[PDB]
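Structure, as structure tokens:
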Amino acid sequence: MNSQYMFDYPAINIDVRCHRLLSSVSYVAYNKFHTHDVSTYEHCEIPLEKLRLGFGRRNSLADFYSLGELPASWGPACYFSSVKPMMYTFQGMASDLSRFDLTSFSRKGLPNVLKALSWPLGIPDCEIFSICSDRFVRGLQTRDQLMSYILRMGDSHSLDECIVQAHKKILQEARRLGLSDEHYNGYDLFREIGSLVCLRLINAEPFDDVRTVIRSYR
Amino acid sequence: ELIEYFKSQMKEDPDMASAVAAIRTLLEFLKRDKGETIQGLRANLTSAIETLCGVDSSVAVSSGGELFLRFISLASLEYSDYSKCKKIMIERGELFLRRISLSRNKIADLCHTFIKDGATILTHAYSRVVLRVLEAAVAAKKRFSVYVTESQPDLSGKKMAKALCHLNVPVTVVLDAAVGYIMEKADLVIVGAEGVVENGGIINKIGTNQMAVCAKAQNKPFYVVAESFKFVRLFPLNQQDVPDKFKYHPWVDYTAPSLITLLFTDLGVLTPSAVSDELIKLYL
Amino acid sequence: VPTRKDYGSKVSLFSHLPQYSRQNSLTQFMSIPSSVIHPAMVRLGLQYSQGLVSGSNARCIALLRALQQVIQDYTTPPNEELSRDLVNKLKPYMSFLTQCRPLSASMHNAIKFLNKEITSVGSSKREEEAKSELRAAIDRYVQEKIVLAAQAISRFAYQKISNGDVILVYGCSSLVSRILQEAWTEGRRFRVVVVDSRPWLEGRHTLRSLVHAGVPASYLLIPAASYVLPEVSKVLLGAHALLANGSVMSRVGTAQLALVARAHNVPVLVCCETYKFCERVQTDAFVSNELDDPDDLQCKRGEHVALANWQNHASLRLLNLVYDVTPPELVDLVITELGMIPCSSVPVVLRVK
């Protein structure tokens with residue numbers, strides 16, 4: 001019963017004109033001893049309506065959602081995370097690319113790497129660099145953006161299932177690019193998304209300041 | 001990490017219970033927490049309670065963790081600032097520790113009256129609450145005899161007898177198989193508890209339940225002395241419904257409330273029907 | 001409206017309880033367009049007397065729907081206030097429904113809640129808004145007292161069912177069947193033992209509902225229950241009302257089943273919602289019960305009926321009990337929307353709300 005208490009409820013508001021852009025999630029004041037279990041990834045509360053609650057500490061999030069469960073809490077904000085903490089590869093480039101708009105990519109006139117900046121959604125988007133920036137402290141006033149980004153690439157209504165599907169898509173992309181699965185846990189999904197997008201950008205760069213920052217790694 | 005070291009070092013006071021040390025460690029880690037949101041603090045302390053009950057497999061640790069989480073939720077429901085709310089949580093935790101560390105003395109003061117002059121008391125294993133109750137009773141110029149079982153898993157009965165011999169109280173160590181033999185010579189049974197379930201029963205040493213039955217077959221009074229932080233929202237239907245995290249030769253078992261006469265807590269002398277009322281009023 | 005007189009000879013112990021007939025009806029003493037009672041009200045009374053609507057939740061929901069329609073089609077007269085007028089008008093309707101069939105505990109609680117709501121309506125506020133507010137209040141009551149309560153009870157009972165269990169049920173209960181189906185859908189693999197009894201034989205309503213869901217089920221009568229209990233793991237029983245003294249008022253074959261289950265060390269579980277809790281107490285099944293139609297005990301055995309003309313014998317009288325009271329010592333726990341509580345926590349829930 002104590003594991004069911006909430007503080008803010010994610011109002012899943014999926015209007016359908018375009019599912020990849022204008023789907024949003026805003027948190028309202030709702031403790032009300034919520035009926036279902038609550039999972040906290042990074043200051044964001046998700047009700048476990050479809051999935052169940054799992055205990056213990058495992059390696060990755062796949063180890064949790066393979067049995068049909070989700071951990072009580074996991075991520076960088078947890079001192080004792082249910083998943084093993086890990087670092088990443090190309091966070092530096094994803095942070096240095098936080099000064100350009102997407103109009104800066106479209107004014108160049110090339111659609112080759114604009115393809116590469118369409119993995120998580122299919123629509124040309126670059127807000128993952130704004131998420132993975134150095135300034136972007138993950139606290140309050142930022143849950144809505146992260147949850148809307150998760151819902152826009154989830155293809156579902158239950159936020160936990162959207163998280164699981166996003167992690168599955170991350171793993172599928174890593175397998176398609178010949179990368180390992182142990183390099184991509186469920187610790188920080190946004191950083192892994194940014195790393196994959198930046199790797200695809202680096203791969204598509206030879207088909208072309210932005211070019212310098214892209215070719216600065218080899 | 002280092003939370004287990006602090007929790008095990010807090011148990012350098014031989015009189016401090018495990019749940020009290022767990023609550024003190026939780027309050028210390030709430031004080032030293034650098035979080036800026038209530039959800040992150042709740043999740044971190046939940047995982048910390050998980051680690052603590054992973055270290056010590058007693059029901060009292062889980063009860064204290066659930067009580068601390070309920071207190072956190074209650075203090076968060078009011079202010080909703082997490083700064084003034086954090087100061088309120090700190091001061092309320094200080095007051096709660098100061099009030100809960102002296103509950104054993106109150107339990108003894110309110111329970112030692114039920115012991116007559118020349119009666120016979122039966123205890124199962126070593127517990128600090130029964131020891132304090134017997135000390136408060138012998139301090140009132142009372143004379144009685146004490147029978148204690150050896151508790152074969154870990155010989156706590158011999159330790160209880162050695163602790164009682166320093167109080168100049170006639171104590172006799174009996175075997176665990178001789179419970180039904182000395183049951184007729186005992187005037188009352190007084191046992192401790194590691195956790196009080198919702199309905200009113202207790203969760204205690206493996207040789208407790210079989211002693212509550214033999215007393216019921218002889219109309220012997222059966223009293224349970226336990227603190228308030230041991231109230232846990234559990235409902236075991238039988239001996240198999242007890243979670244394996246608490247039993248592990250089982251190390252613990254459940255006793256139904258129909259075999260319990262009275263409970264002596266810091267809230268007073270209660271019936272097995274008051275624990276459920278308290279747990280419902282708490283909304284744990 | 002004339003009074004419904006008793007049919008047949010009653011038992012000397014149940015002489016204070018009305019005994020009616022299924023063939024007997026008060027409609028033959030009323031108008032075809034109802035004058036004193038409401039059309040929805042007489043329809044509900046006829047459906048209750050004929051036995052078309054017999055489930056507790058079903059009866060209460062039908063009563064609340066009829067009351068919604070009555071409140072919708074009711075307009076206040078001049079010089080009158082709705083707060084007193086509606087309550088004074090609803091009393092003959094309730095008395096007529098009682099004369100049709102004795103009201104259950106859920107119906108009594110719904111009537112009390114509706115009276116408390118109608119009395120609480122302001123005086124200066126309009127009627128076109130008061131009727132809509134009453135309808136919305138009844139809808140919210142139905143939504144949060146039956147549906148969400150059943151969902152919470154099923155969620156609380158799911159964690160008590162294990163793989164390989166042998167659950168034993170009795171009669172036909174909506175909550176028990178919903179819990180079993182939800183547990184089978186979530187992933188629990190067990191089997192159910194359905195216990196039935198004469199003359200209603202409503203247990204078949206559950207059996208055919210468990211086969212359609214794929215749950216392995218067994219069927220047997222109540223006198224042979226002691227034969228099947230050694231292999232039963234848990235006993236799930238439905239309750240019509242939880243008395244203030246901890247006793248459980250349910251179908252006539254509930255207390256006996258709970259007693260026989262105790263002799264086999266089988267835990268007895270009772271499922272009920274908090275809106276069926278009553279402040280009244282009861283020590284036995286004699287001070288208050290319902291005497292059904294005694295002609296239902298007549299069975300077709302072989303080629304003749306032994307009780308075909310039982311009324312010809314002055315000393316022969318048939319007893320048809322509908323309800324039974326189980327003491328609190330035979331019940332282990334009660335699953336409500338507040339969780340799993342002991343059978344001694346009934347007044348507490350009555351005191352909180």
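Following the order of the structure tokens, first chain is A, next is B, and so on, with residues numbered from 1 inside each chain and ligands from 1 in the order they appear.
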Could you pull out the strand (DSSP E or B) residues of segment 38-138 of chain B from DSSP and send them as a ChimeraX atom specification?
/B:120-123
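Near chain B, the residues of chain C that fall inside 7 Å (using only C-alpha atoms) are residues 267, 341, 342, 344, 345 and 348 of chain C.
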Since we have the selection now, will you write its residues out, keeping C-alpha atoms, as a CSV table (one decimal), in the first residue's frame?
chain,number,residue,atom,x,y,z
C,267,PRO,CA,-9.0,-20.7,5.5
C,341,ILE,CA,-9.0,-6.4,7.3
C,342,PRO,CA,-9.9,-8.8,10.1
C,344,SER,CA,-13.4,-7.4,13.9
C,345,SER,CA,-12.7,-4.2,11.9
C,348,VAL,CA,-14.0,0.9,12.4
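All of the residues in chain A within 9 Å of chain B are residues 1, 2, 3, 5, 6, 7, 31, 39, 40, 41, 42, 43, 44, 45, 55, 56, 72, 73, 74, 77, 78, 79, 80, 81, 82, 139 and 140 of chain A, where only C-alpha atoms were counted.
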Can you pull out every residue within 10 Å of residue 198 of chain C, counting only C-alpha atoms, but drop anything in the same chain fewer than 3 positions away, and send it as an NGL selection string?
:C and (201-203 or 221-222 or 253 or 296-297 or 299)
List every residue of chain A that has an atom at most 12 Å from any atom of chain C, giving for each one its closest atom pair and the distance in Å to one decimal, counting only C-alpha atoms, sorted by chain and then by ascending residue number, as JSON lines.
{"residue": "A:1", "atom": "CA", "partner": "C:339", "partner_atom": "CA", "distance": 8.7}
{"residue": "A:33", "atom": "CA", "partner": "C:338", "partner_atom": "CA", "distance": 11.1}
{"residue": "A:34", "atom": "CA", "partner": "C:152", "partner_atom": "CA", "distance": 11.2}
{"residue": "A:35", "atom": "CA", "partner": "C:152", "partner_atom": "CA", "distance": 7.8}
{"residue": "A:36", "atom": "CA", "partner": "C:155", "partner_atom": "CA", "distance": 9.3}
{"residue": "A:37", "atom": "CA", "partner": "C:155", "partner_atom": "CA", "distance": 11.5}
{"residue": "A:49", "atom": "CA", "partner": "C:155", "partner_atom": "CA", "distance": 11.4}
{"residue": "A:50", "atom": "CA", "partner": "C:186", "partner_atom": "CA", "distance": 10.4}
{"residue": "A:51", "atom": "CA", "partner": "C:186", "partner_atom": "CA", "distance": 10.6}
{"residue": "A:52", "atom": "CA", "partner": "C:186", "partner_atom": "CA", "distance": 10.6}
{"residue": "A:68", "atom": "CA", "partner": "C:186", "partner_atom": "CA", "distance": 11.1}
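Considering the residues C:180, C:82, C:335, C:64 and counting only C-alpha atoms, residue 142 of chain C has its shortest atom-to-atom contact with C:64.
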For residue 85 of chain B, please output as a PyMOL selection string all residues within 9 Å (counting only C-alpha atoms; exclusion window: fewer than 6 positions along the same chain).
chain B and resi 75-76+78-79
Residue list (helix (DSSP H, G or I), DSSP) for segment 57-157 of chain A, as a compact mmCIF listing (two decimals) with C-alpha atoms, in the first residue's frame:
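What follows is the written file part-v8.txt:
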# COMPACT_ATOMS: atom_id res chain seq x y z
CA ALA A 62 15.59 -5.65 -20.32
CA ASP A 63 16.24 -7.99 -17.38
CA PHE A 64 13.24 -6.27 -15.75
CA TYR A 65 10.73 -6.03 -18.60
CA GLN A 91 27.78 12.67 -25.03
CA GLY A 92 30.37 15.36 -25.77
CA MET A 93 29.33 15.83 -29.39
CA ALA A 94 25.64 15.68 -28.47
CA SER A 95 26.29 18.47 -25.96
CA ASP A 96 28.38 20.56 -28.38
CA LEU A 97 25.55 20.28 -30.93
CA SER A 98 23.18 22.08 -28.53
CA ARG A 99 23.72 25.53 -30.10
CA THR A 103 16.65 25.29 -39.44
CA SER A 104 20.46 25.41 -39.40
CA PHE A 105 20.45 21.89 -40.86
CA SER A 106 17.65 22.55 -43.36
CA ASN A 112 21.45 13.02 -46.24
CA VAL A 113 22.19 13.69 -42.57
CA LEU A 114 18.67 15.05 -42.01
CA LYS A 115 17.73 11.41 -42.54
CA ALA A 116 20.18 10.53 -39.76
CA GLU A 127 15.68 18.17 -29.27
CA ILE A 128 17.72 15.20 -28.00
CA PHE A 129 20.81 17.44 -28.10
CA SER A 130 18.92 20.01 -26.03
CA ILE A 131 18.01 17.24 -23.57
CA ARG A 143 9.41 16.16 -16.42
CA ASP A 144 6.88 17.25 -19.05
CA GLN A 145 9.43 17.49 -21.87
CA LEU A 146 11.01 14.11 -21.10
CA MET A 147 7.66 12.35 -20.73
CA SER A 148 6.34 13.88 -23.96
CA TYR A 149 9.50 12.79 -25.79
CA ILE A 150 9.01 9.29 -24.39
CA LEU A 151 5.34 9.19 -25.40
CA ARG A 152 6.05 10.50 -28.92
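Atom CA of residue 26 of chain B is positioned 14.5 Å from atom CA of residue 95 of chain B.
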Point-to-point distance in Å for atom CA of residue 1 of chain C and atom CA of residue 99 of chain C
10.1 Å
Residue neighbourhood residue 40 of chain C, 10 Å, only C-alpha atoms, exclusion window fewer than 4 positions, as a JSON list (two decimals) with N, CA, C and O atoms, in the first residue's frame:
[["chain", "number", "residue", "atom", "x", "y", "z"],
["C", 34, "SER", "N", -50.31, 3.41, -13.45],
["C", 34, "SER", "CA", -50.17, 3.53, -12.01],
["C", 34, "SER", "C", -50.51, 4.94, -11.54],
["C", 34, "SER", "O", -50.12, 5.93, -12.16],
["C", 44, "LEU", "N", -40.32, -2.20, -11.19],
["C", 44, "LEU", "CA", -39.28, -2.74, -10.32],
["C", 44, "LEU", "C", -39.86, -3.68, -9.28],
["C", 44, "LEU", "O", -39.27, -4.73, -8.99],
["C", 45, "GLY", "N", -41.01, -3.33, -8.70],
["C", 45, "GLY", "CA", -41.62, -4.20, -7.71],
["C", 45, "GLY", "C", -42.07, -5.52, -8.29],
["C", 45, "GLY", "O", -41.91, -6.57, -7.66],
["C", 46, "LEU", "N", -42.62, -5.50, -9.51],
["C", 46, "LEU", "CA", -43.01, -6.74, -10.17],
["C", 46, "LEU", "C", -41.79, -7.59, -10.51],
["C", 46, "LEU", "O", -41.82, -8.81, -10.35],
["C", 62, "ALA", "N", -30.72, -1.59, -10.03],
["C", 62, "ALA", "CA", -32.05, -1.39, -10.61],
["C", 62, "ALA", "C", -32.86, -0.40, -9.78],
["C", 62, "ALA", "O", -33.56, 0.45, -10.33],
["C", 63, "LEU", "N", -32.76, -0.50, -8.45],
["C", 63, "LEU", "CA", -33.45, 0.46, -7.59],
["C", 63, "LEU", "C", -32.94, 1.87, -7.83],
["C", 63, "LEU", "O", -33.74, 2.82, -7.90],
["C", 65, "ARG", "N", -31.52, 3.06, -10.56],
["C", 65, "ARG", "CA", -31.96, 3.52, -11.88],
["C", 65, "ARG", "C", -33.42, 3.95, -11.85],
["C", 65, "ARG", "O", -33.78, 4.99, -12.43],
["C", 66, "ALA", "N", -34.28, 3.16, -11.19],
["C", 66, "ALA", "CA", -35.67, 3.56, -11.05],
["C", 66, "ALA", "C", -35.80, 4.87, -10.29],
["C", 66, "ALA", "O", -36.62, 5.72, -10.64],
["C", 67, "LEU", "N", -34.99, 5.05, -9.25],
["C", 67, "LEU", "CA", -35.02, 6.30, -8.49],
["C", 67, "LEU", "C", -34.54, 7.47, -9.33],
["C", 67, "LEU", "O", -35.08, 8.58, -9.22],
["C", 68, "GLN", "N", -33.52, 7.25, -10.16],
["C", 68, "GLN", "CA", -33.07, 8.29, -11.08],
["C", 68, "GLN", "C", -34.19, 8.71, -12.02],
["C", 68, "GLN", "O", -34.43, 9.91, -12.23],
["C", 69, "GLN", "N", -34.88, 7.73, -12.60],
["C", 69, "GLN", "CA", -35.98, 8.06, -13.51],
["C", 69, "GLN", "C", -37.11, 8.78, -12.78],
["C", 69, "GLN", "O", -37.71, 9.72, -13.33],
["C", 70, "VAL", "N", -37.41, 8.37, -11.55],
["C", 70, "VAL", "CA", -38.47, 9.01, -10.78],
["C", 70, "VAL", "C", -38.11, 10.46, -10.48],
["C", 70, "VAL", "O", -38.93, 11.37, -10.63]]
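Computed from the coordinates, the atom CA of residue 212 of chain C to atom CA of residue 184 of chain C distance equals 11.8 Å.
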